[PDB]
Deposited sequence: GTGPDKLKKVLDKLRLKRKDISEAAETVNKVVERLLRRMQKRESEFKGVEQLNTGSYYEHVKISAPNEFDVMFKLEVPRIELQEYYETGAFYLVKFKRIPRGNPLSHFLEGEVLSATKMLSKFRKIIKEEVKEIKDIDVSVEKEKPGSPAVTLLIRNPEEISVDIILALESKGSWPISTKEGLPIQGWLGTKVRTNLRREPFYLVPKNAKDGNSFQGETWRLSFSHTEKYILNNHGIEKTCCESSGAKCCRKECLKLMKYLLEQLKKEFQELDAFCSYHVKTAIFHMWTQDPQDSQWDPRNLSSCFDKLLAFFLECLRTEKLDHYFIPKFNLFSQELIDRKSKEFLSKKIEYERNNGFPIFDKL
């Protein structure tokens, strides 16, 4: 039933092989260009993020997310009002992006990438028209197949995480206090998503990657000498429900995969035991996930998992209309055996 759906959603090794071989060619070349040429981004380092690298990518290997992270000296943050997620950066190579302007820096980053792509004749690859606000430089590759790659500029700070995250990452009952303390000793990242043009947003893609690949209360969850859980499978099913709904109804344009990822982090925290995510109980697990996501919509509350004061479902970010709309559509699919899965 849902096994049958996950089978459809499963990526093929051949497709993975071909898609990766190309994406890596391009990314390696873009990365080479940032240092081996005397740009402001010399020393920038690669960090693969998102669904493909978490092993929760569904349908096809056609969307890849990569951080080009840049370690910066002693940095001063100032929270953009009380948003929790957005900051101004303050205090050498970067002088010419001065307060460090996100858009000015992103523009140069973008300009370089556009130049390097022009010089690529191996592969059919253009640079997508800029979406204002967005921190990505998006590449549209065509093998025969359409593949998109988000190159995300990132500042890496080695200081302790900003105050807004102090109560974030409530993994203590699930992954534990040692894991949490160690995770919060990793750097934090700022990406140039706006709000305006000088605002950066916190990024925990590196932390989310760790969590995805170390998601059990037991150290052996999903390992060769351990028991398989269905945590990732539920994430996939939920992602697919949204993807399918999103491509049918334009009313759902305000919703994205990060909403679902956030909700399931909360579910995993609420239901820490690996036994509460037994493969045999895939149906009820998926169901309790839907129920939870519906409560978030109804209460208009979905807190950033790392930044509790940042509500992704705040009125200011998404209309009541949009939420009620998605509620009805989810409720419908739920109470009619998920017809949309059959497409």
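- Missing from the model, relative to the deposited sequence, are the ranges 1-5, 97-102, 110-112, 210-215, 364.
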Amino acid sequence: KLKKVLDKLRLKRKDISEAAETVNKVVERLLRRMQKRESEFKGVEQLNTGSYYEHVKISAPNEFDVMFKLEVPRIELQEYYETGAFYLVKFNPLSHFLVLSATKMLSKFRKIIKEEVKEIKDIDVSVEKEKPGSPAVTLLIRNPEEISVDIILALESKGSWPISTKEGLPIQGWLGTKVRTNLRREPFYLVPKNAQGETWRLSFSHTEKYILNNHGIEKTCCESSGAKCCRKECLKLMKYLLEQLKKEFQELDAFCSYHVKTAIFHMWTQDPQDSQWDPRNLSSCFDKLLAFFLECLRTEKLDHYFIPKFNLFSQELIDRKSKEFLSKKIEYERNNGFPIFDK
From here on, numbers count along this sequence of modelled residues.
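We call the rigid core the largest set of C-alpha positions that still match within 1.5 Å between the two forms.
- Annotation: of the segments 101-109 and 132-140, 132-140 departs further from this form in 7 other deposited structures of this protein (C-alpha atoms, root mean square over structures and residues, core superposition).
- Superposing on the core and measuring CA offsets in 7 other deposited structures of this protein, the stretch of 69-77 and 172-180 with the greater mean deviation is 69-77.
- When the mean C-alpha temperature factors of 275-283 and 30-38 are read from the deposited coordinates, 30-38 comes out higher.
- In this crystal structure, the stretch out of 260-268 and 119-127 whose C-alpha atoms carry the higher mean B factor is 119-127.
- The PDB entry gives the largest Cα B-factor of the residues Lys178, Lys104, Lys236, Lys209 to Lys104.
- Residue-level inspection of the entry shows that, of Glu63, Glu316, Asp303, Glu54, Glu316 has the top Cα B-factor.
- Residue-level temperature factors show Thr83 in the highest third of its chain, judged at the C-alpha atom.
- Among the modelled residues of its chain, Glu76 has a C-alpha B-factor that falls in the highest third according to the deposited record.
- Among the modelled residues of the chain, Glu243 sits in the middle third by CA temperature factor in this PDB entry.
- Compared with the other modelled residues of the chain, the Cα B-factor recorded for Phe109 ranks in the middle third.
- Remark: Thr299 belongs to the highest third of its chain, ranked by C-alpha B-factor as recorded.
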